[PDB]
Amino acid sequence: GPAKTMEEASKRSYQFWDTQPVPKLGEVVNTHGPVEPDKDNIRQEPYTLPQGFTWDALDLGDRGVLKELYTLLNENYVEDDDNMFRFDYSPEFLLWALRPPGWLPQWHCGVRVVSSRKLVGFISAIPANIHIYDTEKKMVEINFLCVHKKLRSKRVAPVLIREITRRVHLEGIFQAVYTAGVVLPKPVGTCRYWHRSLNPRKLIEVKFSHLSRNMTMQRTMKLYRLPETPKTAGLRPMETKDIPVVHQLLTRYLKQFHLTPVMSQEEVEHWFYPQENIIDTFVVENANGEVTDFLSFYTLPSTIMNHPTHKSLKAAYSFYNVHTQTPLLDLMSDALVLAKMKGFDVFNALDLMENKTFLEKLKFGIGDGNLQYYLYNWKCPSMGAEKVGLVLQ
């Protein structure tokens, strides 16, 4: 099944995605708007699962249920291209990603074995207001689509997708945004992960990265060495009093991109207020007391699959970085120093927004995984990575 490049995606047919309100691969789009109308009748009954499986909405406020979801994902969610590392989203992270303002329990859509109640599938929706070119639309973000390794290739993923679609339709929402490492009809933008080594000794030892064979280990560590403390004047962790100005800075900064979130002040608090081992946000408060810039990154460690009891690969993911007075190059240099100080092994960033202006300069290396962005039921021109201004978890 899965195609990872648009060349190989052109050489195949999509039994499920051809039935969905998305553009065809290779269709060049010059219009802007829905593929199909809002529905004034929505199917009241859940879609049929294969015999022996049943739907269950996951109440994550139940500690036992949250652990079941953590375990499903820890054992069956996204792996790297070589099946050496698997995302290890923490339970507290999952609460952050899955209970933002406006979350709904019916949108934490699980699949369980009927007889044993074992959790074997999941998909989620959370609400988001999305600015796409000249339109703002209430949408959902879809995330954490996961089918147990023992249930794979049994066409359960289309049922999960149709069911969350139905459950979102019931709430009057008819567009969605989502990302995937695979190519489907039809990316609105294609982004690439880059990686900045922070602890190269460990990255090479777990074979996340490789010694250039013309470089010694000693020389690699000198290459990637960073200052012990950040250089930007007035940098400090975001505090409650910074919520309004962070909201103001973000809103004005995102206007320059073509696919962005539109966050309320309560949403800004949720996504940026620091939570240890989940989300870090630092603001620049200058000599006048004014907050002029901020950087942020989230915590997403990964199981080392070939050595399971060893300490996970600790990765920080660039989130939103807003500059109005500090040069973005300096802000991101301080992001690296802070991630290093907090024990991260690698700092990851996509090539979206203005990130290409600093990636090579700050010694990021290009990754092997593309991140495709998609809209459901919204046909619009595609855009280059540097116009994508949306980062998901």
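The term rigid core refers to the most C-alpha atoms you can superpose between the two forms while keeping them within 1.5 Å. For every residue, the number given is its place in the sequence shown, counted from 1.
Participant: Which of the two stretches, 262-270 versus 310-318, has its Cα atoms farther on average from this form in 8 other deposited structures of this protein when everything is superposed by the rigid core?
Facilitator: This comes out as 310-318, the stretch further from the shown form in 8 other deposited structures of this protein.
Participant: Determine, for 214-222 and 243-251, which one has C-alphas that on average lie farther from this form in 8 other deposited structures of this protein; superpose on the rigid core first.
Facilitator: The stretch that sits farther from the shown form in 8 other deposited structures of this protein is 214-222.
Participant: Higher average CA B factor in the deposited record is what I'm after, so tell me if that's 166-174 or 87-95.
Facilitator: The deposited B-factors put 87-95 ahead on the C-alpha mean.
Participant: Return whichever of 240-248 and 218-226 has the greater mean Cα B factor according to the PDB record.
Facilitator: Going by the record's values, the stretch with the higher mean is 218-226.
Participant: At the C-alpha atoms, which of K186, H108, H258, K207 reaches the highest B-factor in this entry?
Facilitator: Each of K186, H108, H258, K207 was compared by C-alpha B-factor; the highest is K207.
Participant: Pick out which of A335, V28, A349, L329 has the highest C-alpha B-factor in the PDB entry.
Facilitator: Comparing C-alpha B-factors across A335, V28, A349, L329, the top value belongs to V28.
Participant: Report the third (lowest, middle or highest) to which the CA temperature factor of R63 belongs, ranking only the modelled residues of the same chain.
Facilitator: For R63, whose C-alpha B-factor we compare with every modelled residue in the chain, the answer is the highest third.
Participant: With respect to C-alpha B-factor, does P50 fall in the lowest, middle or highest third of the chain as deposited?
Facilitator: Highest third, going by the recorded CA B-factors of the chain.
Participant: Taking the values exactly as deposited, rank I130 by C-alpha B-factor within its chain and report the matching third: lowest, middle or highest.
Facilitator: Lowest third of the chain for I130's C-alpha B-factor.
Participant: By the recorded C-alpha temperature factor, relative to the other modelled residues in its chain, which third is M305 in?
Facilitator: It falls in the top third of the chain.
Participant: Tell me, lowest, middle or highest third: where does the Cα B factor of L160 rank within its chain?
Facilitator: Lowest third.
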